[PDB]
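A short write-up of the structure that comes next.
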Amino acid sequence: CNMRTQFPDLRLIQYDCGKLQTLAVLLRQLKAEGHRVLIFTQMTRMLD
DNA sequence: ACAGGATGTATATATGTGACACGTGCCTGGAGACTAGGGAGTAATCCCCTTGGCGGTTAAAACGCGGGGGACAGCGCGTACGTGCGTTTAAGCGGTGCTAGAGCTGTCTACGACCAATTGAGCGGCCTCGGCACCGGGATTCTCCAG
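The first sequence lines up with residues 1227 to 1274 when you count with the working numbering.
Written out as structure tokens, the structure reads:
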């Protein structure tokens, strides 16, 4: 399978978007503290 | 049975239409010099819109299903239309044989065309408000069993 085809390794989703890096850093601490977050977007495609 | 005349018949040759190619002349293009006016070419204005992505809400589609009542084919059958035929009717293919009546040429006006005025339609800009458009019934009037 790996030799047949190659798909993104899901590391670039966060790397290719700076604002997602700070979001990752924030949600990590917020979950370590036991909080629950509500993430709002205007775009629905952005939800994907 | 045959040797030759008495008729046919395609065969080859000189004479009738047509249609292309040629050869003159006379109109219609071509060539040229002016004079706008038209159109190109920016440069400004006024529209009223512009797009992506997305959330919401209502009705117009979109779909399911039953079922009915029509779309098809088969059967049959009885006109009825084509298929010959014998008749006869009249087109038509050439003729003659006039005359309207196109087609033209010329002549000469009334009749357009500018055209510069003159000015009153007519066109846009607002205002107003009856007149259609829709509500709300209330009768009526079809449609469909159902007997």
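Just so you know, even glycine gets a beta-carbon here, dropped at the ideal spot from N, CA and C.
- Give the secondary structure of residue 1278 by DSSP, where H, G and I count as helix, E and B as strand, and everything else as coil. It is not possible to answer for residue 1278, since the shown part of the chain is limited to 1227 through 1274.
- For the alpha helix (DSSP H) holding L1238, just list the boundary residues, first then last. It spans 1238-1241 - the alpha helix (DSSP H) in which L1238 sits, taken as one unbroken run.
- DSSP three-state call for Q1255: helix, strand or coil? Judged by DSSP in its simplified three-state form, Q1255 adopts helix.
- Please state whether DSSP places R1271 in a helix, a strand or coil. Note: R1271 maps to helix in three-state DSSP.
- Item | Backbone CA spacing between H1261 and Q1255 [nearest angstrom] | Roughly 9 Å separates the two Cα atoms.
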